[PDB]
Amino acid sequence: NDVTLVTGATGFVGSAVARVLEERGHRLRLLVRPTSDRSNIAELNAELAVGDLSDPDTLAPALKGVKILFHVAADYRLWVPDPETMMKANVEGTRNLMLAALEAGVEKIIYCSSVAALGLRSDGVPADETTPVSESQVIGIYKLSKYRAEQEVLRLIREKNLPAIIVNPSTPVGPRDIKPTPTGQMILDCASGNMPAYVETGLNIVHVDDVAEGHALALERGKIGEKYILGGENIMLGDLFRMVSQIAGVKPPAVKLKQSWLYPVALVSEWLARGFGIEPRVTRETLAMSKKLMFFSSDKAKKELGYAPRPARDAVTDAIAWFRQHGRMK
């Protein structure tokens, strides 16, 4: 009657979301995989349900007696040999979960999505929940997957009155980055001195604990059918590495490749594929999309939810302090 189910709780975001809910005193049930590793888990007094999103039979048991569902992705950019197969399984998995929660009579669903599902501006002014997005401008399987999944949730919200509120975190950094996420691995390589080169670009960094808190705020004050960007700070990658290096007491990376220098590679790529009669993975048309800065505003969640992200330097600082104490810099 009173159970909060969170999925993806072994992940970086999932577990931080779980901790927040716990300190707010929800009764937790955590869906985990048959495989799965309960390491940043045992910390939580929590019911554990075992299940798997691709098979709707194991989900009803887990959603019995559940009032509130937080759907958080199991991983965050987990590399795989089969990316197209993973995108189908993740899109369908989300659909099964959403339909199952609907069927079990869950009252409120908070769906964790991502800025990767959202649109971009070209003039370098930060994008928001209103920026138009089209399938034809999405560039990789990671983003395409987040885009398709988010579109599924919006279809179910409209066609079937799914009581879902959507959250779109930017790129979370912070302590407890166990696998390291890709952004963690970059911060680690850099803090360690072993990152000689990099390709410039723009991203938005957000403390993982702020993402977490923002999920709780969406449950408390968010409106069914709305998306809310959960960003922190719009930062260039060079500036990020400047901060990492200054905090870690090390030399910043020597080599900065401008994105416009990838143009020739794009061109060669188109010529190789043509010459071989295959599809290029990368083209000039590809580069012109990925050139855009990934800059987002969190103003909608600021006004509408009282979301208060701490600055990017705080997230980077904690992530490094944690990496040092936990042996990751060796």
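One-based numbering along the sequence shown.
If you average the C-alpha B-factors over 235-243 and over 70-78, the higher value belongs to 70-78. When the mean C-alpha temperature factors of 86-94 and 122-130 are read from the deposited coordinates, 122-130 comes out higher. Per the deposited record, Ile41 carries the highest C-alpha B-factor of all listed residues (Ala301, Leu63, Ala273, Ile41). Comparing C-alpha B-factors across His207, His215, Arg158, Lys143 in the deposited entry, the largest value falls on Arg158. When the modelled residues of the chain are ordered by C-alpha B-factor, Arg148 sits in the lowest third.
Among the modelled residues of its chain, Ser36 has a C-alpha B-factor that falls in the highest third, as given in the PDB entry. Among the modelled residues of the chain, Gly14 sits in the lowest third by CA temperature factor in this PDB entry. Looking at the C-alpha B-factors along this chain, the one for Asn45 belongs to the highest third. Per the PDB record, residue ranking by Cα B-factor puts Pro252 in the highest third of the chain.
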